[PDB]
Amino acid sequence: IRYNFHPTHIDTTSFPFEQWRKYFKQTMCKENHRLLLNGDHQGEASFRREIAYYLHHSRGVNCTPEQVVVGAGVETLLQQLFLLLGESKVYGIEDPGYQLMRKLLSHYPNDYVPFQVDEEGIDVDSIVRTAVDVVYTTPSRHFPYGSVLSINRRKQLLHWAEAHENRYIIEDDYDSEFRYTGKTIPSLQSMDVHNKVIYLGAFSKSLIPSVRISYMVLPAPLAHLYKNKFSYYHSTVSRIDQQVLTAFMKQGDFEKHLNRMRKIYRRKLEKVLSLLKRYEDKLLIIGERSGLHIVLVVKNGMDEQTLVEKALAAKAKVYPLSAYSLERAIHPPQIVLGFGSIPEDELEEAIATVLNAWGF
Amino acid sequence: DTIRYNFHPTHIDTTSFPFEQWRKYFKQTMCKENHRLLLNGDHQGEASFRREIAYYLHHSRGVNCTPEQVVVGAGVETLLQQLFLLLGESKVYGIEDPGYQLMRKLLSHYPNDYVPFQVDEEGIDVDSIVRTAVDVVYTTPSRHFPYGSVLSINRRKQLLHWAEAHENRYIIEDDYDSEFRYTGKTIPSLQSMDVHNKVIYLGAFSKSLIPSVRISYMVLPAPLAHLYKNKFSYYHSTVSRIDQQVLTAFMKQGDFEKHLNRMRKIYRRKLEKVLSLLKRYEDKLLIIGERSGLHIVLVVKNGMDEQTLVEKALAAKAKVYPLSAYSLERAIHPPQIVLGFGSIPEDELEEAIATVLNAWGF
DNA sequence: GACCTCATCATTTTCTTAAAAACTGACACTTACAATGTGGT
DNA sequence: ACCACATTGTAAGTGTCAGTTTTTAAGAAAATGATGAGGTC
């Protein structure tokens with residue numbers, strides 16, 4: 001309550017309401033009644049022929065609107081994939097990451113194998129010397145430190161899968177065009193030519209979290225397996241919330257929302273680092289100056305379960321780094337702050353009362 | 001596909017939803033005072049969209065429950081796959097025949113095993129189930145595809161003690177269709193007749209309201225709501241915080257029950273028009289289950305096979321749906337065909353039925 | 001022989017403000033399909 | 001006791017007046033790129 005530094009939220013008071021309302025009135029009007037009965041089972045092609053036009057001009061992704069699949073959430077976007085694969089597979093999760101591929105697979109007979117990371121990337125040699133079949137990396141930005149995979153590891157990891165023809169690799173975006181200097185690199189979907197990596201996108205940190213649209217992109221000989229095996233399903237996103245975001249990205253008002261949103265977070269990043277570079281005796285920063293959240297490491301010798309529970313007395317919650325890693329971390333207790341939803345004209349009191357609560 | 005004169009048993013009429021009363025509540029919720037409602041709140045739905053269903057269904061269909069036991073979802077299949085893993089992999093699942101073509105095909109991705117039954121004019125073959133080894137069976141109390149055979153009251157009190165015999169058995173009910181029967185409105189729900197918690201409730205706002213709002217509630221009993229919140233505490237919802245907080249104010253301040261009664265009378269006015277027109281022939285076309293809801297089944301005693309009859313209606317660009325799909329086995333030497341009217345408008349019914357009849361050789 | 005702090009320059013897509021324009025809020029009217037009490041033999 | 005006929009009681013039919021609402025376009029305007037000025041080490 002009252003101060004919630006969530007690690008991946010968004011700011012509340014800045015999305016355009018009165019611009020969002022106008023594109024509804026071409027969608028649900030008195031001629032429009034064939035937008036009521038249920039259409040195609042994976043979103044209307046006016047929503048996918050624009051996604052294939054957008055990700056070829058902003059992230060270097062190469063895809064066609066008969067292969068991209070829409071869905072809702074990620075947990076419903078992933079559960080149809082585990083049954084599509086089979087049940088003779090052994091998964092790959094990086095050691096601190098998003099707590100998602102693990103927490104699903106507590107229901108299925110499969111097994112997940114961790115793999116170590118560093119400030120250059122994740123390990124690739126242990127990917128070689130085991131028998132893993134599906135691995136899950138975020139090549140644009142590594143949660144939650146902020147590491148970026150180089151080109152030196154990408155050729156090795158993509159060439160690991162080409163020699164034996166039954167392994168896969170899942171890219172999770174989580175954030176792009178929020179870098180403040182430009183688009184990072186062309187993503188790992190761009191460098192594939194043998195159709196071995198699947199995408200997994202999002203529409204929920206960029207624009208609005210609670211509209212529950214998302215998307216993956218399938219490769220060539222798996223798209224006509226998913227369409228063959230699940231041709232008796234239904235779509236999951238409400239079709240009046242899809243032709244909103246067809247004209248929204250045919251007539252160009254998303255490509256002026258994210259560019260507008262960039263500076264509203266950069267102006268928070270500079271005013272949060274100009275408050276933390278005074279107390280540089282202990283509160284070190286690990287990870288780059290990008291994204292929506294910082295990772296302060298506290299060398300002041302208090303314990304983590306006291307450090308989080310100390311902030312709750314003055315109606316403020318932070319998010320620790322015990323639940324994000326399987327093993328137990330170093331003696332300096334890392335703590336993840338965020339700056340998405342805290343507004344600008346209360347940052348210099350928010351961080352002040354947090355660091356006043358901990359130690360002056 | 002896109003076609004003219006589509007006759008589907010779920011395609012509701014499109015030209016009678018109060019667009020203005022859809023938009024007066026939609027414009028009310030996106031205000032500057034009404035942020036805190038664009039990020040993610042609760043996961044089983046908004047905490048008032050669940051409070052309101054427990055005073056909609058309680059006095060419109062009879063179900064006694066609490067808003068701590070409700071589960072919202074999306075579709076109904078995403079509401080079923082978050083049940084198929086709450087029970088185990090030691091169960092066997094009982095479907096009807098004929099029925100909806102869902103829970104046969106959904107159970108082909110799993111190691112669970114299903115066994116069919118038969119359906120008579122009193123309901124389902126309840127006498128077969130007591131001497132068979134099934135563990136969860138899925139039935140439709142208040143109606144039945146594709147006939148209309150309401151469950152007779154003796155078999156309901158039999159199938160109560162069926163699932164109240166042991167400890168590991170459950171039953172599902174599927175009352176997709178209610179408040180759309182002409183008089184004696186609907187027999188009250190199988191959830192109401194149970195007082196020992198072995199039946200789960202399952203129904204949806206996508207036949208009444210709009211085909212693509214994609215909301216389906218669910219009710220849970222006490223020893224599965226607790227077991228769902230525990231082993232599913234890390235999901236989110238699958239419907240928005242605007243598609244729910246429209247229908248909270250859409251139902252709090254009146255304009256749902258007026259739509260209910262208006263759509264209740266419109267479809268009776270549609271049905272009697274069909275019963276007037278098709279009665280002029282009873283030579284080869286007997287009609288079964290003439291009374292209820294949104295679809296009739298229309299037999300045919302043509303001197304040729306049933307396969308030619310569905311594809312002959314494509315010759316004049318019309319769509320009809322046979323009954324060799326809703327059943328496992330195929331021995332229908334009387335050719336059965338189900339039809340619908342719920343999408344066709346009144347002004348072209350006269351040409352419409354004459355298209356398919358004289359397309360069949362009249 | 002290296003790293004990295006301020007300008008101030010021309011092209012440009014965001015930002016409050018302003019004066020003509022489709023519209024819905026709260027009356028009253030104001031008919032139409034049809035619910036329920038008082039009579040036909 | 002067996003077989004109807006008509007009142008008040010409202011869901012509807014366009015319009016009233018006004019009001020809190022939507023749509024087009026032009027200067028300043030905050031602020032991004034090729035060029036030109038120092039510092040530290």
# chains A, B, ... in the order shown; residues from 1 in each chain; ligands from 1
>>> closest_atom_pairs(of="chain B", to="chain D", cutoff="12 Å", atoms="only C-alpha atoms (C1' of nucleotides)", output="Markdown table")
| residue | atom | partner | partner_atom | distance |
| --- | --- | --- | --- | --- |
| B:27 | CA | D:21 | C1' | 11.1 |
| B:258 | CA | D:11 | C1' | 9.1 |
| B:259 | CA | D:11 | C1' | 11.4 |
| B:261 | CA | D:11 | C1' | 10.8 |
| B:262 | CA | D:11 | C1' | 9.6 |
>>> write_last_selection(atoms="C-alpha atoms", output="tab-separated table (two decimals), in the first residue's frame")
chain	number	residue	atom	x	y	z
B	27	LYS	CA	-17.36	5.99	-21.40
B	258	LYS	CA	-34.55	-5.46	-19.53
B	259	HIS	CA	-32.27	-6.97	-22.16
B	261	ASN	CA	-36.85	-9.93	-21.05
B	262	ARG	CA	-36.57	-8.20	-24.43
>>> residues_around(residues="residue 30 (chain C)", least_positions_apart="4", cutoff="10 Å", atoms="only C-alpha atoms (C1' of nucleotides)", output="list in words")
residues 12, 13 and 14 of chain D
>>> write_last_selection(atoms="N, CA and C atoms (P, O5', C5', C4', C3', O3' and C1' of nucleotides)", output="PDB file, in the first residue's frame")
ATOM      1  P    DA D  12     -38.809  -1.738 -24.399  1.00  0.00           P
ATOM      2  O5'  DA D  12     -39.861  -0.835 -25.196  1.00  0.00           O
ATOM      3  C5'  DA D  12     -39.461  -0.094 -26.347  1.00  0.00           C
ATOM      4  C4'  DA D  12     -40.656   0.620 -26.956  1.00  0.00           C
ATOM      5  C3'  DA D  12     -40.320   1.729 -27.937  1.00  0.00           C
ATOM      6  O3'  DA D  12     -41.433   1.935 -28.778  1.00  0.00           O
ATOM      7  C1'  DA D  12     -41.377   2.672 -26.129  1.00  0.00           C
ATOM      8  P    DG D  13     -41.277   1.885 -30.373  1.00  0.00           P
ATOM      9  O5'  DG D  13     -41.126   3.419 -30.796  1.00  0.00           O
ATOM     10  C5'  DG D  13     -41.721   3.888 -32.000  1.00  0.00           C
ATOM     11  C4'  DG D  13     -41.591   5.394 -32.105  1.00  0.00           C
ATOM     12  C3'  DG D  13     -40.167   5.911 -31.973  1.00  0.00           C
ATOM     13  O3'  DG D  13     -39.591   6.076 -33.268  1.00  0.00           O
ATOM     14  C1'  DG D  13     -41.670   7.154 -30.547  1.00  0.00           C
ATOM     15  P    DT D  14     -38.073   6.577 -33.434  1.00  0.00           P
ATOM     16  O5'  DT D  14     -38.182   8.174 -33.508  1.00  0.00           O
ATOM     17  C5'  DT D  14     -39.073   8.776 -34.431  1.00  0.00           C
ATOM     18  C4'  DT D  14     -39.421  10.198 -34.017  1.00  0.00           C
ATOM     19  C3'  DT D  14     -38.239  11.180 -33.945  1.00  0.00           C
ATOM     20  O3'  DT D  14     -38.566  12.374 -34.659  1.00  0.00           O
ATOM     21  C1'  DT D  14     -39.570  11.370 -32.040  1.00  0.00           C
TER      22       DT D  14
END
>>> residues_around(residues="region 291-301 of chain B", least_positions_apart="4", cutoff="10 Å", atoms="only C-alpha atoms (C1' of nucleotides)", output="VMD selection string")
chain B and resid 7 to 12 143 145 to 149 177 to 183 264 267 to 268 270 to 272 274 to 275 283 to 287 305 to 306 309 321 to 323 333 to 343 360
>>> interface_residues(of="chain A", to="chain C", cutoff="12 Å", atoms="only C-alpha atoms (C1' of nucleotides)", output="PDB file with N, CA and C atoms, in the first residue's frame")
ATOM      1  N   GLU A 255       3.164   4.241 -32.072  1.00  0.00           N
ATOM      2  CA  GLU A 255       4.492   4.708 -32.436  1.00  0.00           C
ATOM      3  C   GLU A 255       4.713   6.162 -32.065  1.00  0.00           C
ATOM      4  N   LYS A 256       3.714   6.809 -31.476  1.00  0.00           N
ATOM      5  CA  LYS A 256       3.872   8.065 -30.768  1.00  0.00           C
ATOM      6  C   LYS A 256       3.439   7.948 -29.314  1.00  0.00           C
ATOM      7  N   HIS A 257       3.045   6.755 -28.870  1.00  0.00           N
ATOM      8  CA  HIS A 257       2.861   6.569 -27.440  1.00  0.00           C
ATOM      9  C   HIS A 257       4.120   6.038 -26.776  1.00  0.00           C
ATOM     10  N   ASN A 259       7.317   6.318 -27.872  1.00  0.00           N
ATOM     11  CA  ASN A 259       8.308   7.389 -27.929  1.00  0.00           C
ATOM     12  C   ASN A 259       8.012   8.468 -26.901  1.00  0.00           C
ATOM     13  N   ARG A 260       6.733   8.761 -26.675  1.00  0.00           N
ATOM     14  CA  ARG A 260       6.367   9.691 -25.617  1.00  0.00           C
ATOM     15  C   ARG A 260       6.659   9.098 -24.252  1.00  0.00           C
ATOM     16  N   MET A 261       6.458   7.792 -24.097  1.00  0.00           N
ATOM     17  CA  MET A 261       6.657   7.165 -22.800  1.00  0.00           C
ATOM     18  C   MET A 261       8.127   7.046 -22.429  1.00  0.00           C
ATOM     19  N   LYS A 263      10.729   9.235 -22.566  1.00  0.00           N
ATOM     20  CA  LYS A 263      11.237  10.346 -21.776  1.00  0.00           C
ATOM     21  C   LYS A 263      10.616  10.420 -20.394  1.00  0.00           C
TER      22      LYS A 263
END
>>> residues_around(residues="residue 28 (chain D)", least_positions_apart="2", cutoff="12 Å", atoms="only C-alpha atoms (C1' of nucleotides)", output="MDAnalysis selection string")
(chainID C and resid 14:17) or (chainID D and resid 26 30)
>>> decode(residues="chain D", atoms="C-alpha atoms (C1' of nucleotides)", output="short mmCIF file (atom, residue, chain, number, x, y, z; two decimals), in the first residue's frame")
data_model
loop_
_atom_site.label_atom_id
_atom_site.label_comp_id
_atom_site.auth_asym_id
_atom_site.auth_seq_id
_atom_site.Cartn_x
_atom_site.Cartn_y
_atom_site.Cartn_z
"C1'" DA D 1 -69.26 -24.07 -13.65
"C1'" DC D 2 -67.28 -23.41 -18.39
"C1'" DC D 3 -65.51 -19.97 -21.99
"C1'" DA D 4 -64.29 -14.23 -22.84
"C1'" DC D 5 -63.05 -8.93 -23.15
"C1'" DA D 6 -60.81 -4.39 -21.75
"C1'" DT D 7 -58.01 -0.94 -17.94
"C1'" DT D 8 -54.12 1.05 -15.92
"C1'" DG D 9 -49.65 0.39 -16.25
"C1'" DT D 10 -46.03 0.76 -17.99
"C1'" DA D 11 -41.47 -0.22 -22.40
"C1'" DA D 12 -41.38 2.67 -26.13
"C1'" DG D 13 -41.67 7.15 -30.55
"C1'" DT D 14 -39.57 11.37 -32.04
"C1'" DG D 15 -38.57 16.21 -30.17
"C1'" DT D 16 -36.96 20.27 -26.23
"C1'" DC D 17 -32.85 22.62 -24.14
"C1'" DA D 18 -28.78 22.50 -22.98
"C1'" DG D 19 -24.98 20.88 -21.67
"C1'" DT D 20 -20.60 18.44 -20.80
"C1'" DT D 21 -18.61 16.41 -24.99
"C1'" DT D 22 -15.73 15.67 -30.20
"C1'" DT D 23 -12.98 17.37 -34.70
"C1'" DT D 24 -9.69 20.63 -37.95
"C1'" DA D 25 -5.56 23.60 -38.10
"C1'" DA D 26 -1.70 27.38 -36.91
"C1'" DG D 27 2.67 29.76 -33.59
"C1'" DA D 28 5.97 28.31 -29.70
"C1'" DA D 29 8.67 24.71 -28.06
"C1'" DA D 30 10.98 21.12 -25.70
"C1'" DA D 31 14.36 18.81 -27.10
"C1'" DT D 32 17.11 15.25 -30.82
"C1'" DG D 33 21.53 15.26 -34.18
"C1'" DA D 34 26.34 17.14 -37.15
"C1'" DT D 35 29.55 20.84 -35.50
"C1'" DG D 36 32.32 23.27 -32.38
"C1'" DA D 37 34.41 24.91 -27.33
"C1'" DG D 38 36.88 23.22 -22.39
"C1'" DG D 39 37.97 19.86 -18.46
"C1'" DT D 40 40.80 15.25 -16.15
"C1'" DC D 41 44.45 11.43 -16.57
#
